[PDB]
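Text of the file upload28.pdb, holding PDB, C-alpha atoms:
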ATOM      1  CA  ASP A  86      87.392 -69.294 -25.602  1.00  0.00           C
ATOM      2  CA  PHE A  87      90.216 -71.417 -27.061  1.00  0.00           C
ATOM      3  CA  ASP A  88      90.319 -68.897 -29.924  1.00  0.00           C
ATOM      4  CA  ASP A  89      92.926 -66.645 -28.318  1.00  0.00           C
ATOM      5  CA  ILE A  90      95.374 -69.552 -28.080  1.00  0.00           C
ATOM      6  CA  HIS A  91      96.138 -69.015 -31.766  1.00  0.00           C
ATOM      7  CA  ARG A  92      96.575 -65.242 -31.417  1.00  0.00           C
ATOM      8  CA  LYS A  93      98.860 -65.623 -28.385  1.00  0.00           C
ATOM      9  CA  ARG A  94     100.774 -68.732 -29.526  1.00  0.00           C
ATOM     10  CA  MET A  95     101.311 -68.521 -33.295  1.00  0.00           C
ATOM     11  CA  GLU A  96     102.630 -64.966 -32.917  1.00  0.00           C
ATOM     12  CA  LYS A  97     105.608 -65.863 -30.741  1.00  0.00           C
ATOM     13  CA  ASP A  98     105.946 -69.237 -32.479  1.00  0.00           C
ATOM     14  CA  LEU A  99     107.703 -67.428 -35.341  1.00  0.00           C
ATOM     15  CA  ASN A 100     108.351 -63.838 -34.251  1.00  0.00           C
ATOM     16  CA  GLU A 101     110.130 -64.861 -31.048  1.00  0.00           C
ATOM     17  CA  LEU A 102     112.304 -67.440 -32.801  1.00  0.00           C
ATOM     18  CA  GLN A 103     113.295 -65.027 -35.569  1.00  0.00           C
ATOM     19  CA  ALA A 104     113.955 -62.168 -33.139  1.00  0.00           C
ATOM     20  CA  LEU A 105     116.102 -64.330 -30.862  1.00  0.00           C
ATOM     21  CA  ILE A 106     118.054 -65.607 -33.874  1.00  0.00           C
ATOM     22  CA  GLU A 107     118.608 -61.983 -34.895  1.00  0.00           C
ATOM     23  CA  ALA A 108     119.736 -61.113 -31.369  1.00  0.00           C
ATOM     24  CA  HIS A 109     122.171 -64.029 -31.252  1.00  0.00           C
ATOM     25  CA  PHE A 110     123.607 -63.164 -34.667  1.00  0.00           C
ATOM     26  CA  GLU A 111     124.111 -59.496 -33.833  1.00  0.00           C
ATOM     27  CA  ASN A 112     125.527 -60.256 -30.378  1.00  0.00           C
ATOM     28  CA  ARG A 113     128.013 -62.812 -31.717  1.00  0.00           C
ATOM     29  CA  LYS A 114     129.086 -60.452 -34.499  1.00  0.00           C
ATOM     30  CA  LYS A 115     129.498 -57.531 -32.100  1.00  0.00           C
ATOM     31  CA  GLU A 116     131.240 -59.560 -29.397  1.00  0.00           C
ATOM     32  CA  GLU A 117     133.500 -62.374 -30.547  1.00  0.00           C
ATOM     33  CA  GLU A 118     135.483 -60.879 -33.423  1.00  0.00           C
ATOM     34  CA  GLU A 119     135.917 -57.506 -31.731  1.00  0.00           C
ATOM     35  CA  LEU A 120     137.066 -59.190 -28.507  1.00  0.00           C
ATOM     36  CA  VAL A 121     139.636 -61.371 -30.265  1.00  0.00           C
ATOM     37  CA  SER A 122     140.954 -58.417 -32.284  1.00  0.00           C
ATOM     38  CA  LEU A 123     141.145 -56.201 -29.188  1.00  0.00           C
ATOM     39  CA  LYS A 124     142.941 -58.918 -27.226  1.00  0.00           C
ATOM     40  CA  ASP A 125     145.480 -59.267 -30.040  1.00  0.00           C
ATOM     41  CA  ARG A 126     145.959 -55.484 -30.024  1.00  0.00           C
ATOM     42  CA  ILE A 127     146.476 -55.437 -26.257  1.00  0.00           C
ATOM     43  CA  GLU A 128     148.906 -58.347 -26.607  1.00  0.00           C
ATOM     44  CA  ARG A 129     150.984 -56.379 -29.118  1.00  0.00           C
ATOM     45  CA  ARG A 130     150.994 -53.365 -26.800  1.00  0.00           C
ATOM     46  CA  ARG A 131     152.006 -55.681 -23.945  1.00  0.00           C
ATOM     47  CA  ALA A 132     154.931 -57.024 -25.967  1.00  0.00           C
ATOM     48  CA  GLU A 133     156.041 -53.454 -26.700  1.00  0.00           C
ATOM     49  CA  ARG A 134     155.821 -52.644 -22.987  1.00  0.00           C
ATOM     50  CA  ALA A 135     157.932 -55.740 -22.304  1.00  0.00           C
ATOM     51  CA  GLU A 136     160.595 -54.538 -24.751  1.00  0.00           C
ATOM     52  CA  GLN A 137     160.626 -51.062 -23.181  1.00  0.00           C
ATOM     53  CA  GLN A 138     160.915 -52.571 -19.692  1.00  0.00           C
ATOM     54  CA  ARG A 139     163.803 -54.803 -20.793  1.00  0.00           C
ATOM     55  CA  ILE A 140     165.683 -51.897 -22.380  1.00  0.00           C
ATOM     56  CA  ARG A 141     165.228 -49.608 -19.372  1.00  0.00           C
ATOM     57  CA  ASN A 142     166.107 -52.332 -16.857  1.00  0.00           C
ATOM     58  CA  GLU A 143     169.257 -53.241 -18.783  1.00  0.00           C
ATOM     59  CA  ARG A 144     170.482 -49.657 -19.186  1.00  0.00           C
ATOM     60  CA  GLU A 145     169.854 -48.850 -15.521  1.00  0.00           C
ATOM     61  CA  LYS A 146     171.617 -52.047 -14.422  1.00  0.00           C
ATOM     62  CA  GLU A 147     174.527 -51.159 -16.710  1.00  0.00           C
ATOM     63  CA  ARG A 148     174.943 -47.677 -15.233  1.00  0.00           C
ATOM     64  CA  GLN A 149     174.195 -48.524 -11.594  1.00  0.00           C
ATOM     65  CA  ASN A 150     176.516 -51.548 -11.463  1.00  0.00           C
ATOM     66  CA  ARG A 151     179.256 -50.370  -9.073  1.00  0.00           C
TER      67      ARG A 151
ATOM     68  CA  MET H   1     120.988 -70.636 -23.798  1.00  0.00           C
ATOM     69  CA  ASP H   2     117.828 -68.504 -23.707  1.00  0.00           C
ATOM     70  CA  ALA H   3     115.980 -68.279 -27.031  1.00  0.00           C
ATOM     71  CA  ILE H   4     116.839 -71.887 -27.897  1.00  0.00           C
ATOM     72  CA  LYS H   5     114.881 -73.234 -24.923  1.00  0.00           C
ATOM     73  CA  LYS H   6     111.809 -71.182 -25.831  1.00  0.00           C
ATOM     74  CA  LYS H   7     111.987 -72.350 -29.447  1.00  0.00           C
ATOM     75  CA  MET H   8     112.206 -75.945 -28.243  1.00  0.00           C
ATOM     76  CA  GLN H   9     109.146 -75.347 -26.059  1.00  0.00           C
ATOM     77  CA  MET H  10     107.235 -74.046 -29.078  1.00  0.00           C
ATOM     78  CA  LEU H  11     108.278 -77.112 -31.073  1.00  0.00           C
ATOM     79  CA  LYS H  12     107.008 -79.255 -28.187  1.00  0.00           C
ATOM     80  CA  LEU H  13     103.649 -77.471 -27.952  1.00  0.00           C
ATOM     81  CA  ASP H  14     103.173 -78.183 -31.650  1.00  0.00           C
ATOM     82  CA  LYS H  15     104.137 -81.792 -30.919  1.00  0.00           C
ATOM     83  CA  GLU H  16     101.550 -82.241 -28.181  1.00  0.00           C
ATOM     84  CA  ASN H  17      98.753 -80.556 -30.123  1.00  0.00           C
ATOM     85  CA  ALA H  18      99.403 -82.497 -33.338  1.00  0.00           C
ATOM     86  CA  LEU H  19      99.702 -85.827 -31.516  1.00  0.00           C
ATOM     87  CA  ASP H  20      96.519 -85.217 -29.518  1.00  0.00           C
ATOM     88  CA  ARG H  21      94.607 -84.269 -32.663  1.00  0.00           C
ATOM     89  CA  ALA H  22      95.857 -87.393 -34.432  1.00  0.00           C
ATOM     90  CA  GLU H  23      94.788 -89.644 -31.562  1.00  0.00           C
ATOM     91  CA  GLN H  24      91.369 -87.986 -31.329  1.00  0.00           C
ATOM     92  CA  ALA H  25      90.817 -88.340 -35.072  1.00  0.00           C
ATOM     93  CA  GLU H  26      91.777 -92.022 -34.876  1.00  0.00           C
ATOM     94  CA  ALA H  27      89.248 -92.573 -32.083  1.00  0.00           C
ATOM     95  CA  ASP H  28      86.634 -90.762 -34.179  1.00  0.00           C
ATOM     96  CA  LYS H  29      87.340 -93.051 -37.137  1.00  0.00           C
ATOM     97  CA  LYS H  30      87.021 -96.141 -34.953  1.00  0.00           C
ATOM     98  CA  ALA H  31      83.681 -94.980 -33.539  1.00  0.00           C
ATOM     99  CA  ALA H  32      82.256 -93.918 -36.912  1.00  0.00           C
ATOM    100  CA  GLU H  33      83.243 -97.150 -38.661  1.00  0.00           C
ATOM    101  CA  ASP H  34      81.749 -99.219 -35.836  1.00  0.00           C
ATOM    102  CA  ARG H  35      78.524 -97.240 -36.234  1.00  0.00           C
ATOM    103  CA  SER H  36      78.467 -97.869 -39.986  1.00  0.00           C
ATOM    104  CA  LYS H  37      79.113-101.606 -39.700  1.00  0.00           C
ATOM    105  CA  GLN H  38      76.433-102.061 -37.032  1.00  0.00           C
ATOM    106  CA  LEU H  39      73.975-100.247 -39.299  1.00  0.00           C
ATOM    107  CA  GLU H  40      74.962-102.558 -42.159  1.00  0.00           C
ATOM    108  CA  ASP H  41      74.313-105.594 -39.947  1.00  0.00           C
ATOM    109  CA  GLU H  42      70.882-104.190 -39.069  1.00  0.00           C
ATOM    110  CA  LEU H  43      70.224-103.788 -42.798  1.00  0.00           C
ATOM    111  CA  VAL H  44      71.216-107.424 -43.387  1.00  0.00           C
ATOM    112  CA  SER H  45      68.858-108.662 -40.674  1.00  0.00           C
ATOM    113  CA  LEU H  46      66.084-106.577 -42.241  1.00  0.00           C
ATOM    114  CA  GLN H  47      66.780-108.204 -45.613  1.00  0.00           C
ATOM    115  CA  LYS H  48      66.494-111.655 -44.026  1.00  0.00           C
ATOM    116  CA  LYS H  49      63.254-110.713 -42.262  1.00  0.00           C
ATOM    117  CA  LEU H  50      61.901-109.428 -45.576  1.00  0.00           C
ATOM    118  CA  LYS H  51      62.855-112.789 -47.095  1.00  0.00           C
ATOM    119  CA  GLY H  52      60.932-114.664 -44.415  1.00  0.00           C
ATOM    120  CA  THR H  53      57.925-112.397 -44.943  1.00  0.00           C
ATOM    121  CA  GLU H  54      58.138-113.053 -48.692  1.00  0.00           C
ATOM    122  CA  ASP H  55      58.140-116.806 -48.020  1.00  0.00           C
TER     123      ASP H  55
ATOM    124  CA  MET Z   1     126.484 -77.606 -32.836  1.00  0.00           C
ATOM    125  CA  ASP Z   2     124.929 -81.090 -33.046  1.00  0.00           C
ATOM    126  CA  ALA Z   3     122.139 -81.652 -30.512  1.00  0.00           C
ATOM    127  CA  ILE Z   4     119.930 -78.765 -31.630  1.00  0.00           C
ATOM    128  CA  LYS Z   5     119.722 -79.967 -35.222  1.00  0.00           C
ATOM    129  CA  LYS Z   6     118.784 -83.573 -34.458  1.00  0.00           C
ATOM    130  CA  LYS Z   7     116.272 -82.713 -31.737  1.00  0.00           C
ATOM    131  CA  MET Z   8     114.569 -80.025 -33.832  1.00  0.00           C
ATOM    132  CA  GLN Z   9     114.363 -82.278 -36.889  1.00  0.00           C
ATOM    133  CA  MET Z  10     112.976 -85.175 -34.854  1.00  0.00           C
ATOM    134  CA  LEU Z  11     110.324 -82.969 -33.240  1.00  0.00           C
ATOM    135  CA  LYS Z  12     109.251 -81.485 -36.570  1.00  0.00           C
ATOM    136  CA  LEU Z  13     109.049 -85.035 -37.919  1.00  0.00           C
ATOM    137  CA  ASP Z  14     106.812 -85.977 -34.981  1.00  0.00           C
ATOM    138  CA  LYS Z  15     104.510 -83.034 -35.688  1.00  0.00           C
ATOM    139  CA  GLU Z  16     104.285 -83.884 -39.391  1.00  0.00           C
ATOM    140  CA  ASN Z  17     103.621 -87.568 -38.666  1.00  0.00           C
ATOM    141  CA  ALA Z  18     100.802 -86.741 -36.268  1.00  0.00           C
ATOM    142  CA  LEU Z  19      99.282 -84.244 -38.702  1.00  0.00           C
ATOM    143  CA  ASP Z  20      99.236 -86.616 -41.678  1.00  0.00           C
ATOM    144  CA  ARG Z  21      97.868 -89.454 -39.546  1.00  0.00           C
ATOM    145  CA  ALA Z  22      95.074 -87.181 -38.327  1.00  0.00           C
ATOM    146  CA  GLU Z  23      94.236 -86.148 -41.898  1.00  0.00           C
ATOM    147  CA  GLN Z  24      94.040 -89.772 -43.048  1.00  0.00           C
ATOM    148  CA  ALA Z  25      91.816 -90.644 -40.090  1.00  0.00           C
ATOM    149  CA  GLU Z  26      89.472 -87.714 -40.755  1.00  0.00           C
ATOM    150  CA  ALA Z  27      89.218 -88.604 -44.448  1.00  0.00           C
ATOM    151  CA  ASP Z  28      88.249 -92.175 -43.570  1.00  0.00           C
ATOM    152  CA  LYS Z  29      85.810 -90.806 -40.979  1.00  0.00           C
ATOM    153  CA  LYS Z  30      84.076 -88.614 -43.565  1.00  0.00           C
ATOM    154  CA  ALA Z  31      83.858 -91.465 -46.079  1.00  0.00           C
ATOM    155  CA  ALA Z  32      82.483 -93.877 -43.472  1.00  0.00           C
ATOM    156  CA  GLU Z  33      79.974 -91.236 -42.348  1.00  0.00           C
ATOM    157  CA  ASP Z  34      78.660 -90.738 -45.881  1.00  0.00           C
ATOM    158  CA  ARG Z  35      78.440 -94.492 -46.453  1.00  0.00           C
ATOM    159  CA  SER Z  36      76.542 -94.775 -43.164  1.00  0.00           C
ATOM    160  CA  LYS Z  37      74.119 -92.115 -44.395  1.00  0.00           C
ATOM    161  CA  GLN Z  38      73.593 -94.175 -47.551  1.00  0.00           C
ATOM    162  CA  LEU Z  39      72.914 -97.235 -45.394  1.00  0.00           C
ATOM    163  CA  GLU Z  40      70.295 -95.327 -43.383  1.00  0.00           C
ATOM    164  CA  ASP Z  41      68.571 -94.042 -46.513  1.00  0.00           C
ATOM    165  CA  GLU Z  42      68.407 -97.505 -48.084  1.00  0.00           C
ATOM    166  CA  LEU Z  43      67.279 -99.104 -44.811  1.00  0.00           C
ATOM    167  CA  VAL Z  44      64.279 -96.776 -44.536  1.00  0.00           C
ATOM    168  CA  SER Z  45      63.064 -97.809 -48.001  1.00  0.00           C
ATOM    169  CA  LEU Z  46      63.741-101.456 -47.149  1.00  0.00           C
ATOM    170  CA  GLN Z  47      61.480-101.023 -44.128  1.00  0.00           C
ATOM    171  CA  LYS Z  48      58.789 -99.384 -46.265  1.00  0.00           C
ATOM    172  CA  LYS Z  49      58.761-102.205 -48.821  1.00  0.00           C
ATOM    173  CA  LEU Z  50      58.746-104.718 -45.954  1.00  0.00           C
ATOM    174  CA  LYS Z  51      55.705-102.999 -44.443  1.00  0.00           C
ATOM    175  CA  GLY Z  52      53.874-103.115 -47.768  1.00  0.00           C
ATOM    176  CA  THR Z  53      54.791-106.789 -48.142  1.00  0.00           C
ATOM    177  CA  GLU Z  54      53.439-107.520 -44.669  1.00  0.00           C
ATOM    178  CA  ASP Z  55      50.190-105.680 -45.409  1.00  0.00           C
TER     179      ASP Z  55
END

Take the structure from the file and write it as structure tokens.
Amino acid sequence: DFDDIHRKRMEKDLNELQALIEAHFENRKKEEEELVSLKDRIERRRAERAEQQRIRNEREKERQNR
Amino acid sequence: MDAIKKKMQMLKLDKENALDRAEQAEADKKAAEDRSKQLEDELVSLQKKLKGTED
Amino acid sequence: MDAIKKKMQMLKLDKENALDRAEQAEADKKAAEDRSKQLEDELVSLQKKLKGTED
């Protein structure tokens, strides 16, 4: 007894810390930069949609104005 | 978050174990040194008794 | 961040302090124990010479 405390504690004392650091690094890398880039891309597409909407609205208002 | 708390808990388990071992060792030193000094006093009294016997 | 660094460093410092204190205490314990053994060994011979003197 009291000799399995080492073999159940020291293991996770380093392996768990290193593995969780690895998980945090990979998750941040996968998540943050890709999300910001994708949001910028969607913003550019949204601006293009806004331009198309403005053009169509203006041309239809020009024709229909009677 | 998640892993950070567990790592802190590990760092705290090390804290408790190290501190407890230090305190126990300090108590051991106190007891052992008291033993040694009492033995030395007994030796001194034996020297004095030997001196009286020599007289 | 900020809190993680300071807390982790302080806790590791606590562990190291306790460990070194324990090592110093155990070293002094071993030295006192050996000196006590010397005191016992000399005291036995002191008793023997006292007994011869008394005879």

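All C-alpha atoms of chain Z and chain H, which share one sequence, were paired in order; after least-squares superposition their RMSD is 1.4 Å.
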
* Please write as a PyMOL selection string the full residue list that the PyMOL selection byres ((chain H and resi 11) around 9) yields on this file. => (chain A and resi 98) or (chain H and resi 6-10+12-16) or (chain Z and resi 8+11-12+15)

Given the file above and the PyMOL selection byres ((chain Z and resi 18) around 9), which residues are selected, and can you give them as a PDB file with C-alpha atoms, in the frame of the given file?
ATOM      1  CA  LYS H  15     104.137 -81.792 -30.919  1.00  0.00           C
ATOM      2  CA  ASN H  17      98.753 -80.556 -30.123  1.00  0.00           C
ATOM      3  CA  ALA H  18      99.403 -82.497 -33.338  1.00  0.00           C
ATOM      4  CA  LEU H  19      99.702 -85.827 -31.516  1.00  0.00           C
ATOM      5  CA  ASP H  20      96.519 -85.217 -29.518  1.00  0.00           C
ATOM      6  CA  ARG H  21      94.607 -84.269 -32.663  1.00  0.00           C
ATOM      7  CA  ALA H  22      95.857 -87.393 -34.432  1.00  0.00           C
ATOM      8  CA  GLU H  23      94.788 -89.644 -31.562  1.00  0.00           C
TER       9      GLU H  23
ATOM     10  CA  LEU Z  13     109.049 -85.035 -37.919  1.00  0.00           C
ATOM     11  CA  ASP Z  14     106.812 -85.977 -34.981  1.00  0.00           C
ATOM     12  CA  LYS Z  15     104.510 -83.034 -35.688  1.00  0.00           C
ATOM     13  CA  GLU Z  16     104.285 -83.884 -39.391  1.00  0.00           C
ATOM     14  CA  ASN Z  17     103.621 -87.568 -38.666  1.00  0.00           C
ATOM     15  CA  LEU Z  19      99.282 -84.244 -38.702  1.00  0.00           C
ATOM     16  CA  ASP Z  20      99.236 -86.616 -41.678  1.00  0.00           C
ATOM     17  CA  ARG Z  21      97.868 -89.454 -39.546  1.00  0.00           C
ATOM     18  CA  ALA Z  22      95.074 -87.181 -38.327  1.00  0.00           C
ATOM     19  CA  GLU Z  23      94.236 -86.148 -41.898  1.00  0.00           C
TER      20      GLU Z  23
END

* To do: Name the residues captured by the ChimeraX specification (/H :<9) & /A when it is applied to the shown file; answer as a list in words.
  =>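 Written out, the selection comes to residues 94, 97, 98, 99, 101, 102, 104, 105, 106 and 109 of chain A.
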
* Structure fact -> Students should find that CA of residue 123 in chain A and CA of residue 136 in chain A are spaced 20.0 Å

* Which residues, protein or nucleic acid, reach to within 10 Å of (78.0, -90.5, -35.7) in the file's coordinates when using only C-alpha atoms, and can you give that as number ranges by chain? -> H: 28-29, 31-36; Z: 29, 32-33, 36-37

* To do: Could you tell me how far CA of residue 51 in chain H lies from CA of residue 46 in chain Z, in Å and to one decimal?
  => 11.4 Å

* Asked: Quick one, how far is CA of residue 117 in chain A from CA of residue 135 in chain A?
  -> 26.6 Å

* **For residue 47 in chain H: contacts at 12 Å, all atoms listed in the file, fewer than 4 positions along chain excluded, given as a ChimeraX atom specification** => /H:40-43,51-54 /Z:42-50
